[PDB]
Structure formats: structure tokens, C-alpha cells
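What's in protein04.txt: compact mmCIF, N, CA and C atoms
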```txt
# COMPACT_ATOMS: atom_id res chain seq x y z
N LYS A 1 -94.48 -13.93 6.69
CA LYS A 1 -94.18 -14.83 5.59
C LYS A 1 -94.32 -14.17 4.23
N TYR A 2 -94.39 -12.85 4.17
CA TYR A 2 -94.73 -12.20 2.92
C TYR A 2 -93.81 -11.06 2.54
N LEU A 3 -92.91 -10.64 3.41
CA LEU A 3 -92.05 -9.52 3.08
C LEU A 3 -90.92 -9.96 2.16
N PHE A 4 -90.47 -9.02 1.35
CA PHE A 4 -89.27 -9.23 0.57
C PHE A 4 -88.06 -9.21 1.51
N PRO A 5 -87.07 -10.07 1.28
CA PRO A 5 -85.90 -10.11 2.18
C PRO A 5 -85.08 -8.84 2.10
N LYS A 6 -84.86 -8.21 3.25
CA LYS A 6 -84.27 -6.89 3.32
C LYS A 6 -82.76 -7.00 3.42
N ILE A 7 -82.07 -6.61 2.35
CA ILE A 7 -80.62 -6.49 2.39
C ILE A 7 -80.26 -5.10 2.90
N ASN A 8 -79.08 -4.98 3.51
CA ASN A 8 -78.70 -3.66 4.02
C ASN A 8 -77.26 -3.23 3.77
N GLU A 9 -76.28 -4.13 3.64
CA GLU A 9 -74.91 -3.69 3.42
C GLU A 9 -74.19 -4.58 2.42
N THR A 10 -73.60 -3.95 1.42
CA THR A 10 -72.50 -4.49 0.65
C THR A 10 -71.28 -3.66 0.98
N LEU A 11 -70.09 -4.21 0.75
CA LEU A 11 -68.98 -3.33 1.08
C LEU A 11 -67.96 -3.17 -0.03
N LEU A 12 -67.66 -4.22 -0.80
CA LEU A 12 -66.49 -4.30 -1.67
C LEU A 12 -65.21 -4.11 -0.86
N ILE A 13 -64.85 -5.13 -0.09
CA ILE A 13 -63.48 -5.28 0.40
C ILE A 13 -62.52 -5.12 -0.77
N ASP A 14 -61.60 -4.16 -0.67
CA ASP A 14 -60.61 -3.96 -1.71
C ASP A 14 -59.36 -3.32 -1.14
N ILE A 15 -58.21 -3.84 -1.54
CA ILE A 15 -56.92 -3.27 -1.21
C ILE A 15 -56.11 -3.15 -2.49
N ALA A 16 -55.23 -2.16 -2.53
CA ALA A 16 -54.32 -2.05 -3.66
C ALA A 16 -53.12 -2.96 -3.44
N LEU A 17 -52.28 -3.08 -4.47
CA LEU A 17 -51.10 -3.92 -4.41
C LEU A 17 -49.88 -3.12 -4.86
N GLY A 18 -48.70 -3.69 -4.64
CA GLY A 18 -47.46 -3.00 -4.87
C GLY A 18 -46.56 -3.67 -5.88
N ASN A 19 -45.32 -3.22 -5.92
CA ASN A 19 -44.31 -3.63 -6.89
C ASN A 19 -43.12 -4.31 -6.25
N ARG A 20 -42.58 -3.72 -5.18
CA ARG A 20 -41.26 -3.92 -4.55
C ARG A 20 -40.10 -3.71 -5.53
N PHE A 21 -40.37 -3.10 -6.69
CA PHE A 21 -39.31 -2.78 -7.64
C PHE A 21 -39.50 -1.42 -8.29
N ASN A 22 -40.22 -0.52 -7.65
CA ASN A 22 -40.55 0.71 -8.34
C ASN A 22 -39.45 1.75 -8.25
N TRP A 23 -38.35 1.47 -7.57
CA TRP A 23 -37.19 2.34 -7.73
C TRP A 23 -36.36 1.97 -8.94
N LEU A 24 -36.85 1.09 -9.81
CA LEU A 24 -36.26 0.86 -11.11
C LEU A 24 -37.04 1.52 -12.22
N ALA A 25 -37.94 2.44 -11.87
CA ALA A 25 -38.85 3.07 -12.81
C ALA A 25 -38.06 3.94 -13.77
N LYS A 26 -37.84 3.43 -14.97
CA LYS A 26 -37.20 4.17 -16.04
C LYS A 26 -38.17 4.31 -17.20
N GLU A 27 -38.47 5.55 -17.56
CA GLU A 27 -39.40 5.86 -18.63
C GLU A 27 -38.61 6.15 -19.90
N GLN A 28 -39.30 6.19 -21.03
CA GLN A 28 -38.66 6.33 -22.33
C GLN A 28 -39.67 6.95 -23.29
N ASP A 29 -39.33 7.03 -24.57
CA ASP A 29 -40.25 7.56 -25.57
C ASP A 29 -40.81 6.51 -26.51
N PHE A 30 -40.34 5.26 -26.40
CA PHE A 30 -40.76 4.13 -27.24
C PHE A 30 -40.50 4.42 -28.72
N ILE A 31 -39.22 4.51 -29.05
CA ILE A 31 -38.77 4.62 -30.43
C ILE A 31 -37.65 3.62 -30.64
N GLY A 32 -37.59 3.07 -31.85
CA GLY A 32 -36.57 2.10 -32.19
C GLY A 32 -36.89 0.72 -31.65
N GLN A 33 -36.44 -0.28 -32.38
CA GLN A 33 -36.70 -1.67 -32.04
C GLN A 33 -35.63 -2.26 -31.14
N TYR A 34 -34.36 -2.10 -31.51
CA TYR A 34 -33.25 -2.70 -30.79
C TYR A 34 -32.47 -1.61 -30.06
N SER A 35 -31.92 -1.96 -28.90
CA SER A 35 -31.07 -1.06 -28.12
C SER A 35 -29.88 -1.84 -27.60
N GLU A 36 -28.72 -1.21 -27.56
CA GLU A 36 -27.53 -1.94 -27.16
C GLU A 36 -26.54 -0.99 -26.52
N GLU A 37 -25.56 -1.56 -25.84
CA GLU A 37 -24.48 -0.77 -25.28
C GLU A 37 -23.24 -1.65 -25.17
N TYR A 38 -22.14 -1.01 -24.79
CA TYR A 38 -20.83 -1.53 -25.09
C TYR A 38 -19.86 -1.11 -24.01
N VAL A 39 -18.67 -1.71 -24.07
CA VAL A 39 -17.64 -1.51 -23.07
C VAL A 39 -16.31 -1.79 -23.75
N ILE A 40 -15.25 -1.34 -23.15
CA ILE A 40 -13.92 -1.42 -23.73
C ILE A 40 -13.19 -2.63 -23.17
N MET A 41 -12.43 -3.32 -24.01
CA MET A 41 -11.58 -4.40 -23.52
C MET A 41 -10.24 -3.84 -23.04
N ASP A 42 -9.71 -4.43 -21.97
CA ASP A 42 -8.52 -3.91 -21.31
C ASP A 42 -7.28 -4.01 -22.19
N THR A 43 -6.38 -3.04 -22.03
CA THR A 43 -5.10 -3.02 -22.73
C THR A 43 -4.01 -2.80 -21.69
N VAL A 44 -3.36 -3.87 -21.25
CA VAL A 44 -2.37 -3.79 -20.19
C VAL A 44 -1.12 -3.09 -20.72
N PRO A 45 -0.39 -2.36 -19.88
CA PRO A 45 0.81 -1.64 -20.35
C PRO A 45 1.95 -2.55 -20.73
N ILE A 46 3.06 -1.97 -21.14
CA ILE A 46 4.03 -2.71 -21.93
C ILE A 46 5.43 -2.36 -21.44
N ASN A 47 6.38 -3.22 -21.76
CA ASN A 47 7.76 -2.99 -21.40
C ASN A 47 8.42 -2.15 -22.48
N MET A 48 8.92 -0.98 -22.11
CA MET A 48 9.53 -0.11 -23.11
C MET A 48 10.94 -0.61 -23.39
N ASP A 49 11.06 -1.58 -24.28
CA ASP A 49 12.36 -2.06 -24.74
C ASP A 49 12.71 -1.19 -25.94
N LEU A 50 13.38 -0.07 -25.68
CA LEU A 50 13.57 0.99 -26.66
C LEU A 50 14.64 0.68 -27.69
N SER A 51 15.17 -0.54 -27.71
CA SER A 51 16.15 -0.94 -28.70
C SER A 51 15.56 -1.09 -30.09
N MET B 1 22.84 25.45 -14.42
CA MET B 1 23.86 26.43 -14.09
C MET B 1 24.12 27.33 -15.29
N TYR B 2 24.61 26.72 -16.36
CA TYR B 2 24.78 27.42 -17.62
C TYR B 2 23.42 27.81 -18.18
N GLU B 3 23.32 29.05 -18.66
CA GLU B 3 22.02 29.56 -19.08
C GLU B 3 21.73 29.28 -20.55
N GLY B 4 22.59 29.78 -21.45
CA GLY B 4 22.29 29.89 -22.86
C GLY B 4 20.95 30.54 -23.07
N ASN B 5 20.03 29.74 -23.58
CA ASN B 5 18.59 29.94 -23.45
C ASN B 5 18.01 28.56 -23.19
N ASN B 6 17.89 28.22 -21.89
CA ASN B 6 17.55 26.86 -21.47
C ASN B 6 16.17 26.42 -21.94
N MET B 7 15.28 27.35 -22.23
CA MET B 7 14.07 27.03 -22.97
C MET B 7 14.43 26.99 -24.44
N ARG B 8 14.59 25.79 -24.98
CA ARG B 8 14.32 25.58 -26.39
C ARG B 8 12.96 24.91 -26.48
N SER B 9 12.61 24.44 -27.68
CA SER B 9 11.22 24.16 -28.02
C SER B 9 10.67 22.97 -27.24
N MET B 10 11.34 21.82 -27.32
CA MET B 10 10.90 20.64 -26.60
C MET B 10 12.14 19.82 -26.32
N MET B 11 12.08 19.02 -25.24
CA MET B 11 13.18 18.21 -24.67
C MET B 11 14.47 19.01 -24.45
N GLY B 12 14.32 20.32 -24.24
CA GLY B 12 15.34 21.13 -23.62
C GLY B 12 14.61 21.86 -22.52
N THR B 13 13.29 21.87 -22.68
CA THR B 13 12.36 22.34 -21.68
C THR B 13 11.56 21.20 -21.07
N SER B 14 12.05 19.98 -21.17
CA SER B 14 11.33 18.85 -20.63
C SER B 14 12.11 18.12 -19.56
N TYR B 15 13.33 18.57 -19.25
CA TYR B 15 14.06 17.95 -18.16
C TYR B 15 13.56 18.41 -16.80
N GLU B 16 12.74 19.45 -16.77
CA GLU B 16 12.00 19.82 -15.58
C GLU B 16 10.67 19.06 -15.58
N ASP B 17 9.72 19.53 -14.76
CA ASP B 17 8.50 18.78 -14.43
C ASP B 17 7.66 18.46 -15.65
N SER B 18 7.43 19.45 -16.52
CA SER B 18 6.68 19.31 -17.77
C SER B 18 5.25 18.80 -17.53
N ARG B 19 4.46 19.64 -16.85
CA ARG B 19 3.00 19.55 -16.77
C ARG B 19 2.56 18.23 -16.13
N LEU B 20 2.82 18.13 -14.84
CA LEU B 20 2.26 17.04 -14.05
C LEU B 20 0.75 17.18 -14.02
N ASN B 21 0.06 16.17 -14.54
CA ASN B 21 -1.38 16.23 -14.68
C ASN B 21 -1.92 14.81 -14.56
N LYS B 22 -3.18 14.74 -14.11
CA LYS B 22 -4.01 13.52 -13.98
C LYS B 22 -3.26 12.34 -13.36
N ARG B 23 -2.62 12.61 -12.21
CA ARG B 23 -1.90 11.59 -11.45
C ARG B 23 -2.83 10.47 -11.01
N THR B 24 -2.28 9.26 -10.92
CA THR B 24 -3.08 8.06 -10.75
C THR B 24 -3.64 7.99 -9.33
N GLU B 25 -4.94 7.75 -9.23
CA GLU B 25 -5.69 8.20 -8.07
C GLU B 25 -6.56 7.09 -7.48
N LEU B 26 -6.93 7.31 -6.22
CA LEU B 26 -7.83 6.45 -5.46
C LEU B 26 -9.05 7.30 -5.14
N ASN B 27 -9.56 7.99 -6.17
CA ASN B 27 -10.80 8.74 -6.01
C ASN B 27 -11.94 7.80 -5.65
N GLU B 28 -12.05 6.70 -6.37
CA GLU B 28 -12.83 5.55 -5.93
C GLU B 28 -11.90 4.73 -5.04
N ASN B 29 -12.37 4.39 -3.86
CA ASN B 29 -11.49 4.00 -2.78
C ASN B 29 -11.64 2.51 -2.50
N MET B 30 -10.63 1.74 -2.87
CA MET B 30 -10.63 0.35 -2.46
C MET B 30 -10.13 0.26 -1.03
N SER B 31 -10.51 -0.84 -0.37
CA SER B 31 -10.17 -1.23 0.99
C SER B 31 -10.79 -0.34 2.06
N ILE B 32 -11.46 0.75 1.68
CA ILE B 32 -12.14 1.56 2.68
C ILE B 32 -13.58 1.76 2.27
N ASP B 33 -13.79 2.47 1.16
CA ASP B 33 -15.15 2.73 0.71
C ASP B 33 -15.74 1.48 0.08
N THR B 34 -14.95 0.81 -0.73
CA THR B 34 -15.24 -0.53 -1.18
C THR B 34 -14.27 -1.46 -0.47
N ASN B 35 -14.35 -2.75 -0.81
CA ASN B 35 -13.81 -3.86 -0.02
C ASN B 35 -14.23 -3.68 1.43
N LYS B 36 -15.52 -3.44 1.58
CA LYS B 36 -16.10 -3.02 2.83
C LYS B 36 -17.21 -3.98 3.17
N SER B 37 -17.21 -4.46 4.40
CA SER B 37 -18.33 -5.26 4.87
C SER B 37 -18.70 -4.89 6.29
N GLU B 38 -18.47 -3.64 6.66
CA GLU B 38 -18.94 -3.12 7.94
C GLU B 38 -20.22 -2.33 7.70
N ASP B 39 -21.26 -3.07 7.34
CA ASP B 39 -22.55 -2.51 6.96
C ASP B 39 -23.61 -2.77 8.03
N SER B 40 -24.18 -1.68 8.56
CA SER B 40 -24.85 -1.66 9.85
C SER B 40 -26.07 -2.57 9.95
N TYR B 41 -26.44 -2.87 11.19
CA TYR B 41 -27.53 -3.78 11.53
C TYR B 41 -28.81 -2.99 11.28
N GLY B 42 -29.19 -2.90 10.01
CA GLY B 42 -30.28 -2.06 9.58
C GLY B 42 -31.64 -2.68 9.83
N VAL B 43 -32.67 -2.03 9.28
CA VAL B 43 -34.03 -2.53 9.41
C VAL B 43 -34.50 -3.24 8.13
N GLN B 44 -34.55 -2.54 7.00
CA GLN B 44 -35.12 -3.08 5.78
C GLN B 44 -34.19 -2.76 4.62
N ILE B 45 -34.67 -3.00 3.40
CA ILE B 45 -33.80 -3.14 2.24
C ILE B 45 -33.89 -1.96 1.29
N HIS B 46 -34.17 -0.78 1.85
CA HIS B 46 -34.96 0.31 1.27
C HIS B 46 -34.89 0.52 -0.25
N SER B 47 -33.70 0.67 -0.82
CA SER B 47 -33.53 0.98 -2.23
C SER B 47 -32.06 0.89 -2.58
N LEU B 48 -31.80 0.69 -3.87
CA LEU B 48 -30.44 0.69 -4.41
C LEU B 48 -30.54 1.45 -5.73
N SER B 49 -30.07 2.70 -5.73
CA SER B 49 -30.33 3.62 -6.83
C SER B 49 -29.56 3.20 -8.07
N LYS B 50 -30.29 2.95 -9.15
CA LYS B 50 -29.69 2.53 -10.41
C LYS B 50 -29.49 3.77 -11.28
N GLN B 51 -28.26 3.95 -11.75
CA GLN B 51 -27.90 5.10 -12.57
C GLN B 51 -27.32 4.61 -13.89
N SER B 52 -27.88 5.10 -14.99
CA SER B 52 -27.33 4.85 -16.32
C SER B 52 -26.05 5.67 -16.46
N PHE B 53 -24.91 4.99 -16.56
CA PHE B 53 -23.63 5.68 -16.62
C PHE B 53 -23.43 6.33 -17.98
N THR B 54 -23.98 7.54 -18.16
CA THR B 54 -23.70 8.29 -19.37
C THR B 54 -22.25 8.76 -19.39
N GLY B 55 -21.77 9.28 -18.27
CA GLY B 55 -20.37 9.61 -18.12
C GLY B 55 -19.73 8.71 -17.09
```

Show the structure stored in the file as C-alpha cells.
Amino acid sequence: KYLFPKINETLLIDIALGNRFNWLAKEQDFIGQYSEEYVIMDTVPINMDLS
Amino acid sequence: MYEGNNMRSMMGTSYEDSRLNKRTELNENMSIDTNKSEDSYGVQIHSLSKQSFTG
């Protein structure tokens, strides 16, 4: 009735976690506020009415 | 047939082929490489490589 209670094991159950999107890993230099890009509008060909 | 000098500067030397170049192509292939849905009974979803089209 007089002993201190004897502890013997802690473990810290721990697992890491994932992304499922890490093949989109694109790095940069972090410069500039805005970024943009562009594309061309189509120009269909024409009837050569050479008159 | 008649010779003269059949090469003059332009449009006397253009009734022949005149530099066939960059003919219209199926380098990217519709109906075979694309328009394709014969994609195998795979296992998982592994990756889809994203490329920034600089060129």
C-alpha cells in the first residue's frame, strides 16, 4: 500500500500523411503579384475571290 | 520545251514546285492516338504529368 505506481511504457503512436497530388509539385521564386497567360483566337481561311 | 532562260526572278521560276514545306500533318493523331477509348484494365490512377507549354 506504499509504493509509487510504476509506469513502464509510453509509445507515441504516430503515422505520417500524404497528398495524392504531389505530381503537381511546381516550385517558383515568389516574385511578382499577378501572373497571367493567353491564347490566340481562331482565324478561319477565306474564299479567294480575286476579282 | 523552249528554254530562253526559264529561270527569271519570280513567277517564271514558280510554275514548278517552289519549295514544298510544312505540309499539313497528323503529327498529333486523331482517331488513333486520340479519339481513343481502348484504355487498359489497369490497377490505380498513378499520375498525369502536367507540362507548362512553353513551346

- [ ] Rank B:9, B:37, B:47, B:21 by their smallest atom-to-atom distance to chain A, using all atoms listed in the file, and report the top residue only.
- [x]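 Closest residue, counting all atoms listed in the file: B:47.
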
What are the nearest atom pairs, with distances in Å to one decimal, for all residues of chain B that come at most 12 Å from chain A, using only C-alpha atoms, set out by chain and rising residue number as a tab-separated table?
```
residue	atom	partner	partner_atom	distance
B:45	CA	A:20	CA	10.1
B:46	CA	A:23	CA	9.5
B:47	CA	A:23	CA	6.7
B:48	CA	A:23	CA	7.7
B:49	CA	A:23	CA	7.0
B:50	CA	A:24	CA	6.8
B:51	CA	A:24	CA	9.5
B:52	CA	A:26	CA	9.9
B:53	CA	A:37	CA	10.8
B:54	CA	A:37	CA	10.8
```

Open item on the list: Please compute the atom CA of residue 48 of chain A-atom CA of residue 20 of chain B distance, one decimal, in Å.
Closed with: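 Computing the Euclidean distance for atom CA of residue 48 of chain A and atom CA of residue 20 of chain B yields 20.7 Å.
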
- [ ] Tell me, in Å to one decimal, how far atom N of residue 13 of chain B is from atom N of residue 25 of chain B.
- [x]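 These two atoms are separated by 26.7 Å.
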
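Atom to atom, atom C of residue 44 of chain A and atom C of residue 33 of chain B stand 25.8 Å apart.
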
Is it possible to add N, CA, C and O atoms to segment 6-21 of chain B and hand it back as a PDB file, in the coordinates of the input?
```pdb
ATOM      1  N   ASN B   6      17.890  28.220 -21.890  1.00  0.00           N
ATOM      2  CA  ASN B   6      17.550  26.860 -21.470  1.00  0.00           C
ATOM      3  C   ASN B   6      16.170  26.420 -21.940  1.00  0.00           C
ATOM      4  O   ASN B   6      15.924  25.211 -22.043  1.00  0.00           O
ATOM      5  N   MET B   7      15.280  27.350 -22.230  1.00  0.00           N
ATOM      6  CA  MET B   7      14.070  27.030 -22.970  1.00  0.00           C
ATOM      7  C   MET B   7      14.430  26.990 -24.440  1.00  0.00           C
ATOM      8  O   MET B   7      14.608  28.025 -25.079  1.00  0.00           O
ATOM      9  N   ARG B   8      14.590  25.790 -24.980  1.00  0.00           N
ATOM     10  CA  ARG B   8      14.320  25.580 -26.390  1.00  0.00           C
ATOM     11  C   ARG B   8      12.960  24.910 -26.480  1.00  0.00           C
ATOM     12  O   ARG B   8      12.226  24.825 -25.496  1.00  0.00           O
ATOM     13  N   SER B   9      12.610  24.440 -27.680  1.00  0.00           N
ATOM     14  CA  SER B   9      11.220  24.160 -28.020  1.00  0.00           C
ATOM     15  C   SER B   9      10.670  22.970 -27.240  1.00  0.00           C
ATOM     16  O   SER B   9       9.642  23.070 -26.565  1.00  0.00           O
ATOM     17  N   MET B  10      11.340  21.820 -27.320  1.00  0.00           N
ATOM     18  CA  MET B  10      10.900  20.640 -26.600  1.00  0.00           C
ATOM     19  C   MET B  10      12.140  19.820 -26.320  1.00  0.00           C
ATOM     20  O   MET B  10      13.133  19.945 -27.025  1.00  0.00           O
ATOM     21  N   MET B  11      12.080  19.020 -25.240  1.00  0.00           N
ATOM     22  CA  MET B  11      13.180  18.210 -24.670  1.00  0.00           C
ATOM     23  C   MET B  11      14.470  19.010 -24.450  1.00  0.00           C
ATOM     24  O   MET B  11      15.567  18.470 -24.441  1.00  0.00           O
ATOM     25  N   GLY B  12      14.320  20.320 -24.240  1.00  0.00           N
ATOM     26  CA  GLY B  12      15.340  21.130 -23.620  1.00  0.00           C
ATOM     27  C   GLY B  12      14.610  21.860 -22.520  1.00  0.00           C
ATOM     28  O   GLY B  12      15.187  22.392 -21.576  1.00  0.00           O
ATOM     29  N   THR B  13      13.290  21.870 -22.680  1.00  0.00           N
ATOM     30  CA  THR B  13      12.360  22.340 -21.680  1.00  0.00           C
ATOM     31  C   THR B  13      11.560  21.200 -21.070  1.00  0.00           C
ATOM     32  O   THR B  13      10.490  21.431 -20.503  1.00  0.00           O
ATOM     33  N   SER B  14      12.050  19.980 -21.170  1.00  0.00           N
ATOM     34  CA  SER B  14      11.330  18.850 -20.630  1.00  0.00           C
ATOM     35  C   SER B  14      12.110  18.120 -19.560  1.00  0.00           C
ATOM     36  O   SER B  14      11.613  17.136 -19.009  1.00  0.00           O
ATOM     37  N   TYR B  15      13.330  18.570 -19.250  1.00  0.00           N
ATOM     38  CA  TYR B  15      14.060  17.950 -18.160  1.00  0.00           C
ATOM     39  C   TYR B  15      13.560  18.410 -16.800  1.00  0.00           C
ATOM     40  O   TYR B  15      13.926  17.817 -15.784  1.00  0.00           O
ATOM     41  N   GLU B  16      12.740  19.450 -16.770  1.00  0.00           N
ATOM     42  CA  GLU B  16      12.000  19.820 -15.580  1.00  0.00           C
ATOM     43  C   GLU B  16      10.670  19.060 -15.580  1.00  0.00           C
ATOM     44  O   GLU B  16      10.520  18.051 -16.269  1.00  0.00           O
ATOM     45  N   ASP B  17       9.720  19.530 -14.760  1.00  0.00           N
ATOM     46  CA  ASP B  17       8.500  18.780 -14.430  1.00  0.00           C
ATOM     47  C   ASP B  17       7.660  18.460 -15.650  1.00  0.00           C
ATOM     48  O   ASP B  17       7.215  17.317 -15.811  1.00  0.00           O
ATOM     49  N   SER B  18       7.430  19.450 -16.520  1.00  0.00           N
ATOM     50  CA  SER B  18       6.680  19.310 -17.770  1.00  0.00           C
ATOM     51  C   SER B  18       5.250  18.800 -17.530  1.00  0.00           C
ATOM     52  O   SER B  18       4.889  17.696 -17.936  1.00  0.00           O
ATOM     53  N   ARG B  19       4.460  19.640 -16.850  1.00  0.00           N
ATOM     54  CA  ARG B  19       3.000  19.550 -16.770  1.00  0.00           C
ATOM     55  C   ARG B  19       2.560  18.230 -16.130  1.00  0.00           C
ATOM     56  O   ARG B  19       2.088  17.293 -16.791  1.00  0.00           O
ATOM     57  N   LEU B  20       2.820  18.130 -14.840  1.00  0.00           N
ATOM     58  CA  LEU B  20       2.260  17.040 -14.050  1.00  0.00           C
ATOM     59  C   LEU B  20       0.750  17.180 -14.020  1.00  0.00           C
ATOM     60  O   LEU B  20       0.218  18.171 -13.518  1.00  0.00           O
ATOM     61  N   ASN B  21       0.060  16.170 -14.540  1.00  0.00           N
ATOM     62  CA  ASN B  21      -1.380  16.230 -14.680  1.00  0.00           C
ATOM     63  C   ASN B  21      -1.920  14.810 -14.560  1.00  0.00           C
ATOM     64  O   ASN B  21      -1.244  13.841 -14.901  1.00  0.00           O
TER      65      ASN B  21
END
```
